[PDB]
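The sequence shown runs 5 to 173, 176 to 644, 647 to 829 under the entry's author numbering.
The structure under discussion appears below in the form of structure tokens.
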Amino acid sequence: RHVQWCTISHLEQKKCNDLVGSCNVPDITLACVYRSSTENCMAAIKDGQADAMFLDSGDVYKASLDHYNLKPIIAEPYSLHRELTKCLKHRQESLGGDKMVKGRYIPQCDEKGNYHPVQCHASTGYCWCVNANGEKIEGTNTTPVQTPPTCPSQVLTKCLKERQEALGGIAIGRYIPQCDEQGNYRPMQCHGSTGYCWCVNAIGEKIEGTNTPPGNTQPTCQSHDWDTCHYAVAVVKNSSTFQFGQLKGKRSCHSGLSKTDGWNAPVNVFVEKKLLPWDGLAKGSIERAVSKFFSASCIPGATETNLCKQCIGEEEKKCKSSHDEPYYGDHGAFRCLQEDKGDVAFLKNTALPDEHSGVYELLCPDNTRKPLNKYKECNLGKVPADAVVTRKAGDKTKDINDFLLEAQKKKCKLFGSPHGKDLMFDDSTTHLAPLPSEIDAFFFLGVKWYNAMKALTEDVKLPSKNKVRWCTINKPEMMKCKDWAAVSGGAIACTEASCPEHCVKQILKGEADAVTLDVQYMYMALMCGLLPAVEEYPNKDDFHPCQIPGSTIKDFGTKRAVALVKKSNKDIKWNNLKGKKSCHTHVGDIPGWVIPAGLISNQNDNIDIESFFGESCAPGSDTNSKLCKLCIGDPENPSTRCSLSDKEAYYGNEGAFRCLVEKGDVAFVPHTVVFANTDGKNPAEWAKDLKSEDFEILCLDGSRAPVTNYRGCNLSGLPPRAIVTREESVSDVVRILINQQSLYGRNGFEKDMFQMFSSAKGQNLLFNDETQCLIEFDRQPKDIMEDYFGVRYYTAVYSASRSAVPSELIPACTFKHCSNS
Ligand SMILES: NC1=N[C@H]2[C@H](COC(=O)NS(=O)(=O)O)N=C(N)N3C[C@@H](OS(=O)(=O)O)C(O)(O)[C@]23N1
């Protein structure tokens, strides 16, 4: 196994070559491939000449476009503010679940708010070991008949870990970090031998401008600093006296044309302050307008002559996006100011001097100047993290992650070098961790910074707030949507994707505006930040909420999952279904499987619904399991048993009701199946005048109820299907869809020209054909999960937690960003 690292300079290739010698990662060999600039390396990676490089967030965006097709895979974790610990968050969630779902696991936290390494489930007496995230170490479960397991201690905090490491087995003459009672870093740190002191934030990163030799006054250190985003700054010497608003005509040093801190951040502010006569691409290129602003500059990678005049690279190296240009990058631009080739340098806080005292200070955009350690209040914006990138195909992602994880374990010299600063990686880097597997540049940079860097390259025509771009998941849907657009007078347009999750992505990225989602995609949509705009109202018995919008809705008409038993079976209650014989409509059904499997899992320590029951029928399971024993294949015997077809006599709503009456004690079905198959409503012989007053439903409190009281004695009601959009577009989509409904709904004034809720092109296109109308979602002041799902369903299926991961998109779309206001 090989990893080929692309380097951009002779200096960086030197450091990479040293790593090949010094860093011994078994199973994976590093090699180094030289190219002359950042862009030549991007192309080398695209072409397979190399596998990975580290990119500034501005280059991350550039590499993500079709020219190069690279994606970020590894970056340093950062933090925006202090958060609740995980254990305390989990406690709060589960205590907010549905109290009628009895016997749920409530985590046990310790005096620092972490998980006790032994976790227990009160109602079952089972204990197990957990990791720091509170996730069960599988195979450590012990039963109440046994003593609690012996679980290893939790991993130490960063500060306590690095303290114990530094001590080895007192470490004389070396820094030993000082930790607070919570095990985080004390704000002030001192070197126990040199006498120097400085400030750190809560995770131990140094605050620049605070390093203090002994005998001097130290700057005040802020406590509880969890904002570890990097900030773009403008740095100047204290011997000059201009302010930010007087930058016109000065000499400037920039980290580089493609860097977010050297280009995007300052240009963004130059434009917001109208220091720059530029606003759109009709006014020329931004680089040209900047060329008219400064007199001479060093901006590596530029083409305008004055914007390279101040660089000092020899011959073809001059003004190259490469360390062979001595003024390239953050520490290059600072050097350019130091040697007085510029009056101001544009870089980021992590490249500022460590020492408090000296000739440098910060130029604030509000036309004041402030000390180096005040960058959080004197900056040109937070900027995104930087990242290691590879091909979008990801053929080398695992080898790159393995190598860097193991090199970091062995403490290889990744993050400094005698040959120079910021070679291969930023010298300020401390750890590189893998990014979510579905991350791309949009989700890594965040919509705000992504749009901001797009905005400097093209005129981004924002689509109209009076048009809803509907996202379709198959060709018949697209055709029905084009017919809607033709009568809509421009209010409706169409986009095409392959599945609902890709529609969610398009809505997030501003390529579409709305889509109808089945219940099973809503957790993912709500977790990514979309909101229900309107919902499908399916109650055929009441059209009043559809006639007069805004009206009160007595019953929304959604199905309610119930547990169905015969009145003859007086001994069975909810609390004793273990080992009984159960009938499921099929594996994957929500009212007959997901809702029951969720409740069994929450009350029995995730013990399989397979093992929970005795002999059952659940079409879709493997034919050899105890979930197919009750399954009667086909009356016309063929290889049709436990099958996902009407071949299986026990498949579906009515089929599970068969399995109950024939050979079973309980069936999980919607509340409608019994009424559709009793009172002689089904002609078949087995339901021969079978009486609705011959069955009951099981309540979760151990009681029972006649099947007519499904409203207050159900496993869980389902939520309606929902039309979701971005938070800011809810009001638009509601207004447009309600107007369309008055024209083309079931009582539409123009229903002869188009019908929203049916079609000849197929079934349930865009909306479900049984929809009565779309009802605006009345947002309540509670968690959106509880608001949309209802507490019962949220608890039953997701444990009332925001931490389930039904889709691998969720970790990408919830990734946190470094954006401004
Ligand atoms: N904000 C809000 N509006 C409701 C409508 C449906 O309204 C009924 O279901 N009507 S009703 O007559 O049957 O109550 N949409 C939802 N997805 N919800 C979930 C339900 O959760 S519930 O609280 O478990 O019903 C709800 O809260 O109603 C509701 N939450």
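We put the beta carbon where it would ideally sit given N, CA and C, even for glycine.
Under DSSP, the beta-bridge partners assigned to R397 are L74.
Looking at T822, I818, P814, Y802, the one whose alpha-carbon comes closest to that of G100 is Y802. Looking at the backbone, the Cα of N379 and that of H362 are separated by about 8 Å. Setting aside the 5 residues that flank it on each side, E778 is surrounded in the same chain by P544, each with a C-beta closer than 7 Å to its C-beta; the list follows chain order. Judged by the Cβ position, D795 qualifies as a neighbour of ligand 1 at the 7 Å threshold, a heavy atom of the ligand being closer than this. Listed as beta-bridge partners of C304 by DSSP are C259. Annotation for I559 indicates a beta carbon within 7 Å of some heavy atom of ligand 1.
In this structure, the beta-carbon distance from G720 to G798 does not fall below 8 Å. If the five residues before and after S258 are omitted, its C-beta is found closer than 6 Å to the C-beta atoms of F300, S303, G348, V350, all from its own chain and listed in chain order. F450 counts as buried, since at least 16 other C-beta atoms from the protein chains shown sit within 10 angstroms of its C-beta. If you look at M194, you'll find it isn't in any alpha helix (DSSP H); it sits in the beta strand (DSSP E) that goes 194 to 196. Judged by pairs of C-beta atoms under 8 Å, the segment 20 to 29 does not touch the segment 227 to 234, as fewer than three such pairs exist.
The way I'd put it, the segment 652 to 670 does touch the segment 589 to 596; three or more beta-carbon pairs between them come closer than 8 Å.
Using a cutoff of 7 Å, the CB of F618 does not count as near ligand 1, since none of the ligand's heavy atoms is closer than that.
Judged by DSSP in its simplified three-state form, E621 adopts coil rather than helix or strand. Here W694 is exposed: its Cβ has fewer than 16 other Cβ atoms, across all protein chains shown, within 10 Å.
The C-alpha of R180 is placed about 41 Å away from the C-alpha of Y65.
CA-to-CA, the gap between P220 and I176 works out to about 22 Å. Under a 10 Å Cβ-count criterion, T463 is classified as exposed, with fewer than 16 other Cβ atoms of the shown protein chains found around its own Cβ.
For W455, there is no enclosing beta strand (DSSP E); the residue is found in the alpha helix (DSSP H) stretching over 453 to 461.
Per DSSP, reduced to three states, the secondary structure at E541 is strand. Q788 has its Cβ nearer than 7 Å to a heavy atom of ligand 1. Collapsing the DSSP output to three states places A413 in a helix.
Note: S739 is not bridge-paired with any residue in the DSSP secondary-structure output.
The beta carbon of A812 sits closer than 8 Å to the beta carbons of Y529, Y806 from its chain, once the five residues preceding and following it are set aside; these are given in chain order. The continuous beta strand (DSSP E) containing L368 extends over residues 366 to 369. Proximity of the segment 388 to 403 to the segment 52 to 71 meets the contact definition, three or more beta-carbon pairs being nearer than 8 Å. Sequence-distant Cβ neighbours of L410 in its own chain, meaning closer than 7 Å and more than five residues away, are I78, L438.
Taking non-hydrogen atoms of ligand 1 into account, the C-beta of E464 is found less than 7 Å away from none of them. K243 is bridged by DSSP to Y366. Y659 sits in coil when the DSSP states are folded into three classes, being neither helix nor strand.
About 18 Å separates the Cβ atoms of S245 and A339, ruling out a contact at the 8 Å cut-off. Beyond the five residues adjoining it in sequence on each side, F619 comes within less than 8 Å, by CB distance, of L583, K584, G585, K586, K587, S588, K632, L633 in the same chain, given in chain order.
Going by beta carbons, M104 and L708 fall inside the 8 Å limit.
In the three-state reduction of the DSSP assignment, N217 falls in the strand class. Pairing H337 with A308 gives a Cβ-Cβ distance that is not under 8 Å.
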